[PDB]
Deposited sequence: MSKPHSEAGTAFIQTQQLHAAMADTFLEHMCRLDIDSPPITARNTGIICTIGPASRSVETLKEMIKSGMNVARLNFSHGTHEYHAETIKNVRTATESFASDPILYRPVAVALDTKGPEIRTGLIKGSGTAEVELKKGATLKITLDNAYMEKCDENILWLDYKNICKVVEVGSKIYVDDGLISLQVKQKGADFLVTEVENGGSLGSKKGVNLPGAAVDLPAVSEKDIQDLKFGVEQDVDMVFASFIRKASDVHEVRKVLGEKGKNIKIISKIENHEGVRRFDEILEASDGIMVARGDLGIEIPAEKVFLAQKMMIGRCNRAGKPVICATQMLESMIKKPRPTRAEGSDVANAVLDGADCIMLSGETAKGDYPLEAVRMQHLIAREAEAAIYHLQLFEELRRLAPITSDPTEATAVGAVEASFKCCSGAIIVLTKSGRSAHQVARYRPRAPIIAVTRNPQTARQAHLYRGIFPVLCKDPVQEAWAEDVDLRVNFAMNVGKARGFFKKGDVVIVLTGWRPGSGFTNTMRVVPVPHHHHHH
């Protein structure tokens, strides 16, 4: 009768749906990470403090707009707000910083001629239109569509020239200046990173960002170019590939294997592909990410109306819940937090919905399927991790506590989608920030010195997790928890599972 545990026991998905209960309150932990775009509504230290208290886990910076100086100040304010809670490490929540690349762009019933001749840069007119992509003719054929201004206008190419295309307008409207262009279904040969992106990525390395959301990723070689630009110095920065067109969807597998995770970039994706197909692409990407054990971000227009209003639409409530049910590691806000009224209310709403939806997951089937789909491996940590998730379902444990340096051991627990929150204790601050990318990891940053005796140093970090869970209201004294450690100094890796009562002290 709490946490949708009646529904959890159902023998079928249909009966699971039938037993979902609005009068079954959720547990206090919320597992899905919340990524908030920072902008004019949300940059002040004071607002960012409430933003964190409301449930922000990742600050997204959009490099489509704003100078290096502007963004450096946003990062500084994020860190000031974040570090204002640092005096009580029991209560300190790590907050990641994410850099979102601008990425390459194309810019600027009747007949309508596209031209590449630069004399028409200054005289864009309703008969002849200039764009900046010089290889457009190689990637388009007769029958190709061209979309202008976030898909407001639509053209179909009728004849192909050396330096020009003659098109027929399909969807009319008002054409302005310096408007965005999309090429549905094309193999676009724009570089993986623009001149501007190379500068922005180098800036992210300099600013110690935790992850990059790389725009318009179409193929594996694009991810590799981002990685090489990040270089040796930025090798620990996670690359989240943004899938935003047909080619990215079609080549998803190669992109996933090369990436540290994925953003379902529904905005541009829904311009590039028919809007009615976005949910298909969303569900396929979330499923394959869950199958690979790689973080996946659901982004854009979840709570859109809350830019103006203090409460979401029913479609928006539904969208957040269903992203979580699909299996998304990370819901996102894009302007709800950046420039809207009610930025705090939007964060709070994501928190509330995510938590409800986490209880409504059909763990019984999800766990079975994740186990059946997972390769066998001789890797001890993998075996320990699945063993720990199994044990956590068997005893309804209040948490799975994982000691981890790199984060990897906790990531391996999270891929099997326990109901119980995963308290990942690390001394590595970057590990703690990056762990937000994974469903159910509650990262905590241990600031105590390394004890001389290894056994005591383990017990110290375990007692820290115990204090965190009590203080955050995940569990109380006497409840059973699962503890994952290594057995032996820094040698080996996470291979030891203990089932322990939460102590009085």
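Numbered from the first deposited residue, the unresolved ranges run 1 to 13, 122 to 136, 534 to 537.
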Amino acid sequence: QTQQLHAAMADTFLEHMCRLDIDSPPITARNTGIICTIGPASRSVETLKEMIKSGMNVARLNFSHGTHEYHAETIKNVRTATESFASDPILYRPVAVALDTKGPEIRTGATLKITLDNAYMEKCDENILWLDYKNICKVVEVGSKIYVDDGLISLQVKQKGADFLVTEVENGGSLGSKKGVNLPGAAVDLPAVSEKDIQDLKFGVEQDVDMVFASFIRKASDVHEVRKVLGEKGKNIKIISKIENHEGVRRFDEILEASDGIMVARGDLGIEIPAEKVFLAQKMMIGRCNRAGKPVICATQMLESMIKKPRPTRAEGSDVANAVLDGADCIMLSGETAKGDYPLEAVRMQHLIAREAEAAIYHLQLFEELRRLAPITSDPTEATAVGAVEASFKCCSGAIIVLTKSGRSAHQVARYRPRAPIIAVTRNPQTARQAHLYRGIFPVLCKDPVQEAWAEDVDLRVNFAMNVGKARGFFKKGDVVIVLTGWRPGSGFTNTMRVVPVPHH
From here on, numbers count along this sequence of modelled residues.
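Looking at the other PDB entries for this protein, residue 229 is present in the model in all of those that include the residues around it, rather than absent from a third.
Residue-level annotation: residue 189 lacks coordinates in a third or more of the other entries compared, counting only those that model residues on either side of it.
Just going by the entry, 147 to 155 versus 254 to 262 on mean CA temperature factor gives the higher value to 147 to 155. The question of which stretch, 157 to 165 or 69 to 77, has the higher mean Cα B factor is settled in favour of 157 to 165.
Within the listed group 397, 322, 118, 426, the record reports its top CA B-factor for 118. Between the residues 326, 170, 369, 210, it is 170 that shows the highest Cα B-factor in the PDB record. When all modelled residues of the chain are sorted by CA temperature factor, residue 245 is found within the middle third. In the deposited entry, the Cα temperature factor of residue 406 sits in the bottom third of values across the chain's modelled residues. Residue 491: CA B factor lies in the highest third for its chain, per the PDB record. Placement of the Cα temperature factor of residue 365 within the chain: lowest third of the modelled residues, per the deposited record.
Per the deposited record, the Cα B-factor of residue 92 falls in the middle third when ranked against the other modelled residues of its chain.
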